[PDB]
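Following: one structure in structure tokens, then a few remarks.
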Amino acid sequence: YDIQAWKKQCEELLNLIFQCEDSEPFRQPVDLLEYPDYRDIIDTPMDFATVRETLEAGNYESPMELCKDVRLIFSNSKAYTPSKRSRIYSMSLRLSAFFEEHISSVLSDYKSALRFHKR
Ligand SMILES: CN(C)C(=O)c1cn[nH]c1
């Protein structure tokens, strides 16, 4: 029932994601010189260094907000990909599966702790 535990749990999951080779295209903002039309397709860029920075600055109130930004990294890749078989999109699906498998308990424990707090 620790209401603050999610933060270190998210920091550790971000460390795992950064050690994963599949995260490389998503570690920093998409380079507009490499993908000139990126902002014509994507309205809200997102990347793992921005998520880590937001977390470390104390600018996420809950793991749900962090989860929303991580899911936006994956939906941006899906929207930008020219093919469902592209290399970078294929990496995003594996990384998404790994992130969802690990964030599930973080979200569950946080919501349970918050419900206990207002019991
Ligand atoms: C990060 N990035 C450039 C992408 O998500 C992408 C998706 N398909 N091709 C490139």
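Residues are named by chain letter and number: chains run A, B, ... in the order of the structure tokens, numbers start at 1 in each chain, and ligands are numbered from 1 in the order shown.
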> Quick one: residues within 10 Å of ligand 1, with only C-alpha atoms and all ligand atoms, as number ranges by chain?
Replying inline: A: 23-32, 34-35, 38, 42, 45-47, 73-92
Filtering to N, CA and C atoms, could you give me those residues as an mmCIF file, in the first residue's frame?
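The resulting file, out35.cif, is reproduced below:
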```cif
data_model
loop_
_atom_site.group_PDB
_atom_site.id
_atom_site.type_symbol
_atom_site.label_atom_id
_atom_site.label_comp_id
_atom_site.auth_asym_id
_atom_site.auth_seq_id
_atom_site.Cartn_x
_atom_site.Cartn_y
_atom_site.Cartn_z
ATOM 1 N N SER A 23 14.959 -0.580 -27.912
ATOM 2 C CA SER A 23 14.585 0.791 -27.585
ATOM 3 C C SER A 23 15.401 1.825 -28.328
ATOM 4 N N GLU A 24 16.495 1.442 -28.987
ATOM 5 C CA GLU A 24 17.399 2.427 -29.602
ATOM 6 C C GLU A 24 16.704 3.499 -30.459
ATOM 7 N N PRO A 25 15.757 3.156 -31.358
ATOM 8 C CA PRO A 25 15.129 4.212 -32.176
ATOM 9 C C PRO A 25 14.265 5.186 -31.398
ATOM 10 N N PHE A 26 13.932 4.828 -30.159
ATOM 11 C CA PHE A 26 12.998 5.555 -29.318
ATOM 12 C C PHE A 26 13.642 6.227 -28.111
ATOM 13 N N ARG A 27 14.975 6.170 -27.965
ATOM 14 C CA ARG A 27 15.660 6.734 -26.785
ATOM 15 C C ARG A 27 15.738 8.229 -26.765
ATOM 16 N N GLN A 28 15.692 8.872 -27.925
ATOM 17 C CA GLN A 28 15.777 10.324 -28.036
ATOM 18 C C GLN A 28 14.722 10.787 -29.050
ATOM 19 N N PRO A 29 14.375 12.092 -29.087
ATOM 20 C CA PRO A 29 13.371 12.544 -30.056
ATOM 21 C C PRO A 29 13.745 12.156 -31.486
ATOM 22 N N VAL A 30 12.747 11.818 -32.306
ATOM 23 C CA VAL A 30 12.960 11.492 -33.729
ATOM 24 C C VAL A 30 13.678 12.670 -34.404
ATOM 25 N N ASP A 31 14.719 12.368 -35.184
ATOM 26 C CA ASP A 31 15.504 13.378 -35.872
ATOM 27 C C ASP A 31 14.753 13.828 -37.126
ATOM 28 N N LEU A 32 14.408 15.105 -37.192
ATOM 29 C CA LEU A 32 13.702 15.650 -38.338
ATOM 30 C C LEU A 32 14.540 15.694 -39.592
ATOM 31 N N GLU A 34 16.547 13.234 -40.467
ATOM 32 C CA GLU A 34 16.442 11.856 -40.941
ATOM 33 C C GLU A 34 15.023 11.602 -41.499
ATOM 34 N N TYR A 35 13.983 12.194 -40.864
ATOM 35 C CA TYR A 35 12.565 11.968 -41.223
ATOM 36 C C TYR A 35 11.862 13.307 -41.422
ATOM 37 N N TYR A 38 8.177 13.924 -40.562
ATOM 38 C CA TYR A 38 7.681 13.372 -39.291
ATOM 39 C C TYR A 38 6.569 14.192 -38.653
ATOM 40 N N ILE A 42 2.902 13.115 -37.257
ATOM 41 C CA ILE A 42 2.854 13.013 -35.796
ATOM 42 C C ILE A 42 2.693 14.349 -35.116
ATOM 43 N N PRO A 45 5.254 14.323 -30.582
ATOM 44 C CA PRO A 45 6.408 13.422 -30.439
ATOM 45 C C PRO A 45 6.613 13.029 -28.985
ATOM 46 N N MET A 46 7.164 11.850 -28.804
ATOM 47 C CA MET A 46 7.474 11.328 -27.476
ATOM 48 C C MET A 46 8.599 10.302 -27.603
ATOM 49 N N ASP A 47 9.447 10.238 -26.600
ATOM 50 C CA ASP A 47 10.597 9.350 -26.600
ATOM 51 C C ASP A 47 10.945 8.996 -25.143
ATOM 52 N N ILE A 73 4.659 6.755 -27.482
ATOM 53 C CA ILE A 73 5.871 6.408 -28.260
ATOM 54 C C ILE A 73 5.510 5.300 -29.254
ATOM 55 N N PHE A 74 4.757 4.291 -28.779
ATOM 56 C CA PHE A 74 4.370 3.164 -29.625
ATOM 57 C C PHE A 74 3.302 3.531 -30.660
ATOM 58 N N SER A 75 2.276 4.324 -30.280
ATOM 59 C CA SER A 75 1.262 4.721 -31.265
ATOM 60 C C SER A 75 1.870 5.647 -32.322
ATOM 61 N N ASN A 76 2.872 6.476 -31.962
ATOM 62 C CA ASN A 76 3.535 7.318 -32.961
ATOM 63 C C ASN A 76 4.268 6.441 -33.981
ATOM 64 N N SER A 77 4.944 5.384 -33.496
ATOM 65 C CA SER A 77 5.675 4.499 -34.414
ATOM 66 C C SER A 77 4.686 3.795 -35.364
ATOM 67 N N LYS A 78 3.533 3.354 -34.819
ATOM 68 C CA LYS A 78 2.519 2.700 -35.632
ATOM 69 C C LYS A 78 1.933 3.638 -36.689
ATOM 70 N N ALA A 79 1.749 4.903 -36.325
ATOM 71 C CA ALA A 79 1.180 5.883 -37.237
ATOM 72 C C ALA A 79 2.206 6.309 -38.301
ATOM 73 N N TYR A 80 3.495 6.345 -37.943
ATOM 74 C CA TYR A 80 4.524 6.810 -38.879
ATOM 75 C C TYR A 80 5.033 5.741 -39.816
ATOM 76 N N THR A 81 4.928 4.472 -39.422
ATOM 77 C CA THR A 81 5.498 3.407 -40.212
ATOM 78 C C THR A 81 4.896 3.308 -41.608
ATOM 79 N N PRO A 82 5.738 3.131 -42.641
ATOM 80 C CA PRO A 82 5.168 2.948 -43.990
ATOM 81 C C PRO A 82 4.657 1.524 -44.187
ATOM 82 N N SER A 83 5.007 0.598 -43.267
ATOM 83 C CA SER A 83 4.636 -0.785 -43.396
ATOM 84 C C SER A 83 4.525 -1.456 -42.051
ATOM 85 N N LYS A 84 3.610 -2.437 -41.936
ATOM 86 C CA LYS A 84 3.514 -3.162 -40.661
ATOM 87 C C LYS A 84 4.702 -4.122 -40.454
ATOM 88 N N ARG A 85 5.574 -4.260 -41.471
ATOM 89 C CA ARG A 85 6.745 -5.101 -41.400
ATOM 90 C C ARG A 85 8.033 -4.288 -41.369
ATOM 91 N N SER A 86 7.976 -2.957 -41.131
ATOM 92 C CA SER A 86 9.186 -2.167 -41.080
ATOM 93 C C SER A 86 10.032 -2.561 -39.870
ATOM 94 N N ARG A 87 11.347 -2.356 -39.948
ATOM 95 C CA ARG A 87 12.235 -2.720 -38.845
ATOM 96 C C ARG A 87 11.897 -1.971 -37.560
ATOM 97 N N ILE A 88 11.780 -0.648 -37.651
ATOM 98 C CA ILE A 88 11.572 0.158 -36.438
ATOM 99 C C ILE A 88 10.214 -0.108 -35.836
ATOM 100 N N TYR A 89 9.177 -0.281 -36.691
ATOM 101 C CA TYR A 89 7.854 -0.617 -36.156
ATOM 102 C C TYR A 89 7.887 -1.995 -35.483
ATOM 103 N N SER A 90 8.549 -2.964 -36.112
ATOM 104 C CA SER A 90 8.666 -4.298 -35.506
ATOM 105 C C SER A 90 9.348 -4.245 -34.116
ATOM 106 N N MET A 91 10.330 -3.355 -33.944
ATOM 107 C CA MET A 91 11.023 -3.190 -32.669
ATOM 108 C C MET A 91 10.043 -2.584 -31.649
ATOM 109 N N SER A 92 9.225 -1.599 -32.102
ATOM 110 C CA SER A 92 8.256 -0.981 -31.210
ATOM 111 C C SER A 92 7.256 -1.998 -30.668
#
```
> Which polymer residues have any atom within 9 Å of an atom of stretch 3-12 of chain A, counting only C-alpha atoms, with same-chain residues fewer than 6 positions away left out, as an MDAnalysis selection string?
Replying inline: chainID A and resid 52 55:56 60 62:63 66 103 106:107 109:114 117
File dump, residues just selected, N, CA and C atoms, as an mmCIF file, in the first residue's frame:
```cif
data_model
loop_
_atom_site.group_PDB
_atom_site.id
_atom_site.type_symbol
_atom_site.label_atom_id
_atom_site.label_comp_id
_atom_site.auth_asym_id
_atom_site.auth_seq_id
_atom_site.Cartn_x
_atom_site.Cartn_y
_atom_site.Cartn_z
ATOM 1 N N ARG A 52 11.783 9.742 -19.079
ATOM 2 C CA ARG A 52 12.680 9.658 -17.923
ATOM 3 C C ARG A 52 12.899 11.022 -17.284
ATOM 4 N N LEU A 55 9.730 12.125 -15.393
ATOM 5 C CA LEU A 55 9.688 11.394 -14.134
ATOM 6 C C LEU A 55 10.682 11.962 -13.111
ATOM 7 N N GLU A 56 11.929 12.161 -13.543
ATOM 8 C CA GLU A 56 12.970 12.661 -12.649
ATOM 9 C C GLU A 56 12.761 14.090 -12.197
ATOM 10 N N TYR A 60 5.380 13.757 -13.093
ATOM 11 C CA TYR A 60 4.318 12.775 -13.253
ATOM 12 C C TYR A 60 3.711 12.624 -11.862
ATOM 13 N N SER A 62 1.273 10.176 -11.314
ATOM 14 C CA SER A 62 0.901 8.783 -11.181
ATOM 15 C C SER A 62 1.571 7.951 -12.257
ATOM 16 N N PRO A 63 1.626 6.617 -12.086
ATOM 17 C CA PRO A 63 2.175 5.789 -13.181
ATOM 18 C C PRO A 63 1.262 5.761 -14.404
ATOM 19 N N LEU A 66 2.611 8.329 -16.795
ATOM 20 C CA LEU A 66 3.834 7.830 -17.451
ATOM 21 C C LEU A 66 3.453 6.796 -18.523
ATOM 22 N N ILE A 103 4.604 -3.130 -16.712
ATOM 23 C CA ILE A 103 3.865 -2.021 -16.097
ATOM 24 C C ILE A 103 2.575 -2.457 -15.406
ATOM 25 N N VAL A 106 2.815 -2.505 -11.670
ATOM 26 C CA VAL A 106 3.037 -1.159 -11.174
ATOM 27 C C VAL A 106 1.718 -0.395 -11.062
ATOM 28 N N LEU A 107 0.895 -0.475 -12.123
ATOM 29 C CA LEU A 107 -0.407 0.167 -12.150
ATOM 30 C C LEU A 107 -1.321 -0.467 -11.118
ATOM 31 N N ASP A 109 -0.583 -2.157 -8.314
ATOM 32 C CA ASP A 109 -0.150 -1.849 -6.944
ATOM 33 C C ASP A 109 -0.457 -0.412 -6.592
ATOM 34 N N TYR A 110 -0.241 0.509 -7.543
ATOM 35 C CA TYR A 110 -0.564 1.910 -7.271
ATOM 36 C C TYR A 110 -2.058 2.118 -7.034
ATOM 37 N N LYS A 111 -2.911 1.577 -7.922
ATOM 38 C CA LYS A 111 -4.347 1.768 -7.754
ATOM 39 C C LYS A 111 -4.854 1.129 -6.482
ATOM 40 N N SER A 112 -4.310 -0.036 -6.124
ATOM 41 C CA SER A 112 -4.670 -0.702 -4.868
ATOM 42 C C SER A 112 -4.271 0.152 -3.664
ATOM 43 N N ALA A 113 -3.053 0.714 -3.689
ATOM 44 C CA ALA A 113 -2.561 1.581 -2.614
ATOM 45 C C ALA A 113 -3.406 2.824 -2.470
ATOM 46 N N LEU A 114 -3.825 3.412 -3.597
ATOM 47 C CA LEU A 114 -4.648 4.601 -3.555
ATOM 48 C C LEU A 114 -6.028 4.286 -3.007
ATOM 49 N N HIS A 117 -5.697 3.998 0.680
ATOM 50 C CA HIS A 117 -5.583 5.337 1.251
ATOM 51 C C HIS A 117 -6.947 6.021 1.463
#
```
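In terms of minimum interatomic distance to residue A:14, A:51 ranks closest within A:33, A:51, A:72, A:97, counting only C-alpha atoms.
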>> For a quick check of understanding, using only C-alpha atoms, which of A:48, A:71, A:22, A:16 has the smallest distance to residue A:94?
In response: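 Result for the nearest residue to residue A:94: A:22.
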> Taking the backbone alone, and naming residues the way the document does, which bits of chain A are alpha helix (DSSP H) by DSSP, as a ChimeraX atom specification?
Replying inline: /A:6-19,38-41,48-56,63-80,87-117
> What is the distance, in Å and to one decimal place, between atom CA of residue A:95 and atom CA of residue A:18?
Replying inline: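 For atom CA of residue A:95 relative to atom CA of residue A:18, the distance reads 10.5 Å.
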